[PDB]
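Asker: Here's a structure for you.
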There are 4 protein chains.
Amino acid sequence: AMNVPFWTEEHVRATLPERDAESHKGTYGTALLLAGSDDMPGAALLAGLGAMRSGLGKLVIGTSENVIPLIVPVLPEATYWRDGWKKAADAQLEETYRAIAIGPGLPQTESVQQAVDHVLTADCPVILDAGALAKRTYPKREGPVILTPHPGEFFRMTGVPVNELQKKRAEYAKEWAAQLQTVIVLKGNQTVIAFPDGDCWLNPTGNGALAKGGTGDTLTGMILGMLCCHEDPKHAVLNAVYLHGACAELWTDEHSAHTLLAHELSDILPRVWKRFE
Amino acid sequence: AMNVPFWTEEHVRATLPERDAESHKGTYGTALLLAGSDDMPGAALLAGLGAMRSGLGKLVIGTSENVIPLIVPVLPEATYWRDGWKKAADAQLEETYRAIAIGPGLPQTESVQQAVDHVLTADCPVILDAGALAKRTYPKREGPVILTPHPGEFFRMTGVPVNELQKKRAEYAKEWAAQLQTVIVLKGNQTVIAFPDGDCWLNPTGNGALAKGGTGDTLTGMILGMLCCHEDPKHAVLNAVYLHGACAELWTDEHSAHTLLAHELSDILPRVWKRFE
Amino acid sequence: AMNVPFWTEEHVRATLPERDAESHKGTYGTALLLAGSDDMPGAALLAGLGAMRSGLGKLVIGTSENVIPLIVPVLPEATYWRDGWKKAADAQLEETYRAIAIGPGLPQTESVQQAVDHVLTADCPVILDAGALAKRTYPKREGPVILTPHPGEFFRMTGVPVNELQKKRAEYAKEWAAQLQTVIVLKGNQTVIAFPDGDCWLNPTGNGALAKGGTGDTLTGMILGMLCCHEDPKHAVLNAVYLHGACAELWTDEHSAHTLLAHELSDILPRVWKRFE
Amino acid sequence: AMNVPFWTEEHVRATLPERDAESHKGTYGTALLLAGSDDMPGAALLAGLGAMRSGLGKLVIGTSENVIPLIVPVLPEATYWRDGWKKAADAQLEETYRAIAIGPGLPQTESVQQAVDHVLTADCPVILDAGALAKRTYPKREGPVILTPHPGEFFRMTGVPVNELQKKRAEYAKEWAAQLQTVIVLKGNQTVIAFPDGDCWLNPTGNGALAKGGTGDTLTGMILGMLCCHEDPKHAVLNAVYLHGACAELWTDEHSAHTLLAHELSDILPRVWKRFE
Ligand SMILES: Nc1ncnc2c1ncn2[C@@H]1O[C@H](COP(=O)(O)OP(=O)(O)OP(=O)(O)OP(=O)(O)OP(=O)(O)OC[C@H]2O[C@@H](n3cnc4c(N)ncnc43)[C@H](O)[C@@H]2O)[C@@H](O)[C@H]1O
Ligand SMILES: Nc1ncnc2c1ncn2[C@@H]1O[C@H](COP(=O)(O)OP(=O)(O)OP(=O)(O)OP(=O)(O)OP(=O)(O)OC[C@H]2O[C@@H](n3cnc4c(N)ncnc43)[C@H](O)[C@@H]2O)[C@@H](O)[C@H]1O
Ligand SMILES: Nc1ncnc2c1ncn2[C@@H]1O[C@H](COP(=O)(O)OP(=O)(O)OP(=O)(O)OP(=O)(O)OP(=O)(O)OC[C@H]2O[C@@H](n3cnc4c(N)ncnc43)[C@H](O)[C@@H]2O)[C@@H](O)[C@H]1O
Ligand SMILES: Nc1ncnc2c1ncn2[C@@H]1O[C@H](COP(=O)(O)OP(=O)(O)OP(=O)(O)OP(=O)(O)OP(=O)(O)OC[C@H]2O[C@@H](n3cnc4c(N)ncnc43)[C@H](O)[C@@H]2O)[C@@H](O)[C@H]1O
Ligand SMILES: [Mg+2]
Ligand SMILES: [Mg+2]
Ligand SMILES: [Mg+2]
Ligand SMILES: [Mg+2]
C-alpha cells in the first residue's frame, strides 16, 4: 500500500561481504548471545548455530549454566559466559563485542530489561528478541537497536492489536521504527524491515515451512553473525532475513513444508549463501 | 474377512493439508506430549521428533526433569513442561492444546491413569499409547480418543488373547472401538484403523524394518503432529499410519530391513511426505 | 597352514535371515548388553549401536547410571537396566533374553567375573569381550559362549605370548576353543572364528581402517544383534565378523583408511548388508 | 622474502603413511590430549575429533571431569583420564604415549605450565597450544616440542608486536624456532612451519573459511594424530597443516566461506586425505 520495495536477489548479491585470504577471526569480530534459560534451553542452541553459521569470528554465549552442556556437543566452536544474561542485569559489559543479541529463550521479566539497559550502553549493534521485547523506549546511543517481533510481540510493544496490525503491516512497522528510533523486523509472510531513518523493505523469501517453533531464534542468530561480517548493519539485517527465507525455499524443493525443523535452516545456509556469491 | 478397505495413496493425496504462505505457527497449533521417564527416556525423543516433523506449530514436551537435557541437543525446537506427565495427575490442564498424546515411556501405573483422566477433560483429540493403555472406559467428551495398542497391549485392554486376536484383527478392533467409543489403531503388519462410528481401514504400507523397539513411539508422535495440521482428525490418524509405513519402505530400497533405527523414520519423512503432495 | 576355509560372500548370502512381513519385534528377541562404566563410557554406545543395527527386536543396556544419558541422544531406541552389569554380580537374571553380551568398557575385576557367572546360568548365547575376558573355565550349559579376544586378551586368557600366537593363529585358536568349549573369535587381520566342535573359518574382509579404538566394541554389538535374528548362532558370529570387515572396505573406497571412526561402521552397515541380500 | 618453499601436494603425496593390512591399533600408538576445561569445554571435542580422524590407534583425553560427558556422544571412541590436565601438574606421566598435546581450552595459568613441565619429561613429541603457550624456555629432551601460536600468542611468547611480526613472519618464526629449539607453526594465511634445525616451509592451503573460532583446536588434534602414524614427525606437522587447509578449500567449492564450523573440517578430512593417496 506504501509501495515498500522488496530486498531482492540483486541487492543481496551486491552487498554480501567477501572473506578475504588475508583475514583472521578478529577481522569478523566476537558476538555475544544472551539467550537460553533452564525452562527454555533450545533457543540458545538455535540462535548459537544461526550466529556461528553467519560469518562471525567468535561467539560467546551468555546462557544459563545448565544449558551450556546442551550446546557443546552440537556447537563445540562456541565459548561461554556462564549465566551471562543474568549477570548482565548487574553490571555494564567489561568486554567489547562486535554485536550483541538478547532475548531468545529468556523470560519476559524486569531483570531481562535490566540486562537490556546494560547491553545498550555498549557501542555496537544490539538485537532484542523474544523475552527482551517489551513496551518501552530506548536511549540515544551509537549503534542500531534491532527489534525482531512477530505480530504478537509487536502488540505487546505498542498495543496495536494483531488483527489491526496485519491489515497495514508496513505502515505500523515504519511508524513505530520512527517513534522508537529502532530497526523493526516485523515477522511473518513478507517480513517488513523498517529502519528509524525511514528506509523500509519487504522480504520476498520464505514459506510456511518456517511457521513452526524455533525458526525465529535461528534468524536472530543469523542477524547477529551477519552484523559481524557486513560493514553496513542495514545490509546485515536485510541479508539475514532474506537468506533465512531462502533456506526454507531450498528445503521445499524436495521436502514437505510441514516437516522442516529450524536447526536445519543453519545446515542449509552454507549452500544457499554460496549461490548468492 | 470383513473386507475392510485399504487407506490408499489416492486417499493420502486427497487429504494431506497445505501449508499456506499466509500461515503462522499458531495456525498449526501447540501439541502436548506427555512422555519419557527416567527409566524409559528414549520414547520422549522418538515421539518428540515424530511430532515436530509432522506439521504442528509448536510442541510442549511434559517429560521427567532428567530427560529434558537428553532431548534438547537433538530437538532444540521443543519446549518443556518440567515433570509434566506427573503434574498432570494432580490438576486439569490450564492451557489449551490443539492435541495431546500420553504414554510413551511411561510406567503402567495408577498415577498415569490419573493424568489420563485430567487430559480427557480438555477439548482436543487425545492419543493414549504404551503405559497409558489399560483396561478401562472413557468419558463422553468432544474430541476423539485414539488408542494405539500393539496386540499385547490390546490383550491388556480387553482380555482377548493375542493368538485369538491375530486371527480376526479387524473384527476385534472394530468391536472394541465401538464398545469403548475410541479410535483404535491396532498395530502390526496391516495395521487396523477402527473408528467408533464404525468406519474402518487397513494400512497397506510398512514392512519388517519396523519390527524393532521405538517405531511405535515415533508413530505416536507422527499422529500428534498430524492431528494439528489436518482439519479432520480421522485423516490425521490414517495419514500418519500410512506415511510411517511408507518411510520404512523407502529405507528398504537401499538399506537392509534388519538395520533401521526408529528415529530415522523421522529423518525420512520430509522426502516421503513431499512425494504425496 | 591348517587350510582353514574363508567364510565367503556366498556363505553370507546363503545364511543371512529374512525379515518377514508377518513378523514383530518379539520375533527378533530382546538382547541384553552389559557394557560401559564411568571410566569407559564409549564402549556402551559403540556396542549398543552395533547391536540395534544388527536385527534384534529390542535392546536393554545394563550400563552404569551416569553413562545412560550419554547414549540416549544417539540411540533413543535402547532401554536400560540401571547399573545392570554391577547388579548382575549379585543375582541370576530374572528376565529372559535372546542373547547377552558382557564386557566392553568394563574393568578386569572379580565382580565382572561374578556377573559373567550369573549370565552363564541363562539359556541363551553369551558373548564375553574386553573386561569379561580372563584366564578361567566355563560351565556346561545349553547355549554357546563366544569369546572375542584380540591377541593381547588371548595371551591373558591362555598365557600364549602374542609373538608365538601370531605365528600359528588358527592352530592356537582351535586348540583353545576345543579346550575351553567356547567359540573363539581371535581378532586381527584374517580374524579366526573357531568353534568348540572343531569347525573353524577365517574372515576374508576388513583392513587397517579397523586398527583403531572402538571397532571391537562395535563388532561385539553386531554379533549380539545377529545372534537374535539368525536361527544358527554360528552363522550369526560368522556373518557379523564378515559384515563388520566389509563396512571398513566400503569406507576405504572414497575415504582414507587412517580416518574411520568405529561408530561409522554402524552407519555403513545398512547399505552393506543390503548388498548381500 | 627468505624464499621459504611451499610444502606442496607432491610432498604430501610422497610422505603420507600407509595403513597396512597386517597392522593393529598398537602400530599407530596411543595419543594423550590434555585439553578442555569447564569454562572452555569445546576445544576438547574439536581437538579429540581432529586427533581420532588423523590416524592414531587410540586416544586418551585428559579433560576436566564435567567435559567428559559432552565428548562421549560425539566421539565414543575416545577414552579418558579424568581431570588429566590438572593431575599432570602433580606427577610425571606413568604411562607411555606415542604423542601428547596440551593447551586447547586450558587457562593461561602457572598450573598449566607445571603440567607442561611434567609432559616434557616424557620421550615423545609434544604439542603446546593455546593456554600452554607462554614466554618460557624448554629443556633438552629427545622428541620435538611443537608450538602452534597464532600471531597474538607469538607476541605473548616473544614480545614481538603483531604488527611487526606480520611484516616478516617467516624471519621471526625461524629466529624463534632456532632460539627456543622448538618447532613453530605460526598460524594465519600462509602458515609458517619453522623447525629448530633451520628447515622452514610455508603452507599453500586454506582460506578465510578458517578465520573462525575452533579451527586451530581442530588442527592441534590433527597434528597429534598425524604424529602417531607418520614415522617422521616433521612430515606429520607439515601434512597436518596442509590437509587442514585443504579441507577448508573443499568446503568453499559448494559452501560459502562465511559458514564453515571447525568440527566439519574433521568430517571432510576422510575424503580429502583419500585424494592424496
Ligand atoms: N502472524 C501472526 N498472527 C497472529 N499472531 C501471531 C502471528 N505470529 C506470531 N503470533 C503470536 O506469537 C506467539 C507464538 O510464538 P512464541 O511462542 O511467542 O515465540 P517463542 O516462545 O519465543 O518461540 P516460538 O514458538 O515463537 O518460535 P520463534 O520465536 O522461533 O518464532 P518467530 O515468530 O520469532 O519467527 C518465525 C519466523 O518464521 C517466519 N515465518 C513464519 N511463517 C512464515 C510464512 N508463512 N512465510 C514466510 N515466513 C514465515 C517469520 O517471518 C519469522 O522469521 C503467539 O502468542 C501468537 O499470538
Ligand atoms: N504381533 C504381535 N504378536 C504377539 N505379541 C505382540 C505383537 N506385537 C507386539 N506384541 C507384544 O508387545 C510387547 C513388545 O513391545 P513393548 O516393549 O511392550 O513396547 P514398549 O516397551 O513401550 O517399547 P517397544 O519395544 O514396544 O517399541 P514400540 O512401542 O515403539 O513398538 P510398537 O509395538 O508400539 O510399534 C511397532 C510399530 O511398527 C509397526 N510394525 C511392526 N512390525 C511391522 C511389520 N512387520 N510390518 C509393518 N509394520 C510393522 C507396527 O504397526 C507399529 O506401528 C511384547 O510384550 C509382545 O507380547
Ligand atoms: N595384533 C596384535 N598384536 C599384538 N598386540 C595386540 C594385537 N592386537 C591387540 N593387541 C593388544 O591389545 C591392546 C589394545 O587394545 P585395548 O585397549 O586393550 O582394548 P579396549 O581398551 O577394550 O578398547 P580398544 O582400544 O582395544 O579397541 P577395541 O576393543 O574396540 O579393539 P579390538 O581389538 O577389540 O577390535 C579391533 C577390531 O578391528 C579388527 N582389525 C584391527 N586391525 C585390522 C586389520 N588390520 N585388518 C582387518 N581387521 C582389523 C579386528 O579384527 C577387530 O574386529 C594392547 O594391549 C595390545 O597389546
Ligand atoms: N593474524 C592475526 N593478526 C592479529 N591478531 C591475531 C591474528 N591471529 C590471531 N590473533 C589474535 O588471537 C586472538 C583470537 O583467538 P583466541 O580466542 O585467542 O584463541 P582461543 O580462545 O584458544 O580459541 P579461538 O577463538 O582463537 O580459535 P582457535 O584457537 O581454534 O584459532 P587459531 O588461531 O588457533 O587457529 C586458526 C586456524 O585457522 C587458520 N586460518 C585462519 N585464517 C586463515 C586464512 N585467512 N587463510 C588460511 N588459514 C587461516 C590458521 O592458520 C589456523 O590454522 C586475538 O587476541 C587476536 O589478537
Ligand atoms: Mg520469536
Ligand atoms: Mg508401543
Ligand atoms: Mg576389544
Ligand atoms: Mg588457537
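Naming scheme: A, B, ... for chains in displayed order of the C-alpha cells; residues 1 onward per chain; ligands 1 onward as shown.
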Which neighbours of range 213-228 of chain A fall inside 8 Å, counting only C-alpha atoms, when residues of the same chain fewer than 2 positions from it are skipped, and could you give them as a ChimeraX atom specification?

Answerer: /A:28-31,33,43-44,46-57,98-101,104,125,127,129,148,210-211,230-233,236-237,239-241,244,261-263,265-266 /B:25,57-59,76-78

Asker: Show me which bits of chain A are within 12 Å of chain C, counting only C-alpha atoms, as number ranges by chain.

Answerer: A: 69-70, 73-74

Asker: Among range 73-159 of chain A, which ones does DSSP place in strand (DSSP E or B), written as a list in words?

Answerer: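 Selecting the strand (DSSP E or B) positions of range 73-159 of chain A gives residues 79, 80, 99, 100, 101, 102, 126, 127, 128, 145, 146 and 147 of chain A.
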
Asker: Since we have the selection now, will you write its residues out, keeping N, CA and C atoms, as a compact mmCIF listing (two decimals), in the first residue's frame?

Answerer:
```txt
# COMPACT_ATOMS: atom_id res chain seq x y z
N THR A 79 32.04 -20.38 22.75
CA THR A 79 32.53 -20.21 24.13
C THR A 79 31.43 -19.64 24.96
N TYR A 80 31.63 -19.57 26.28
CA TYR A 80 30.54 -19.25 27.21
C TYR A 80 30.89 -18.17 28.22
N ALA A 99 28.90 -7.22 18.06
CA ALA A 99 27.44 -7.18 18.09
C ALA A 99 26.92 -8.05 19.21
N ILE A 100 25.72 -7.72 19.65
CA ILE A 100 25.10 -8.41 20.78
C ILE A 100 23.64 -8.71 20.47
N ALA A 101 23.19 -9.92 20.78
CA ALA A 101 21.75 -10.23 20.79
C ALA A 101 21.28 -10.69 22.16
N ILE A 102 20.05 -10.31 22.52
CA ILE A 102 19.46 -10.70 23.80
C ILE A 102 17.99 -11.08 23.63
N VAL A 126 22.79 -3.91 18.61
CA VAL A 126 22.16 -4.79 19.56
C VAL A 126 20.83 -5.28 19.03
N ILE A 127 20.61 -6.60 19.08
CA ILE A 127 19.34 -7.19 18.71
C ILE A 127 18.57 -7.57 20.00
N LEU A 128 17.28 -7.21 20.04
CA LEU A 128 16.35 -7.57 21.10
C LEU A 128 15.25 -8.44 20.48
N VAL A 145 19.69 -0.33 17.35
CA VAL A 145 18.93 -1.29 18.11
C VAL A 145 17.94 -1.91 17.15
N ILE A 146 17.92 -3.25 17.11
CA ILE A 146 17.12 -4.03 16.15
C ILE A 146 16.14 -4.94 16.88
N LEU A 147 14.86 -4.63 16.74
CA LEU A 147 13.78 -5.38 17.39
C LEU A 147 13.22 -6.36 16.37
```

Asker: Please report the interatomic distance between CA of residue 10 in chain C and CA of residue 251 in chain B in Å with one decimal.

Answerer: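 According to the coordinates, CA of residue 10 in chain C and CA of residue 251 in chain B are separated by 24.6 Å.
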
Asker: Could you state the separation of CA of residue 181 in chain A and atom 45 (N, counted along the ligand's line) of ligand 1 in Å, given to one decimal place?

Answerer: 27.5 Å
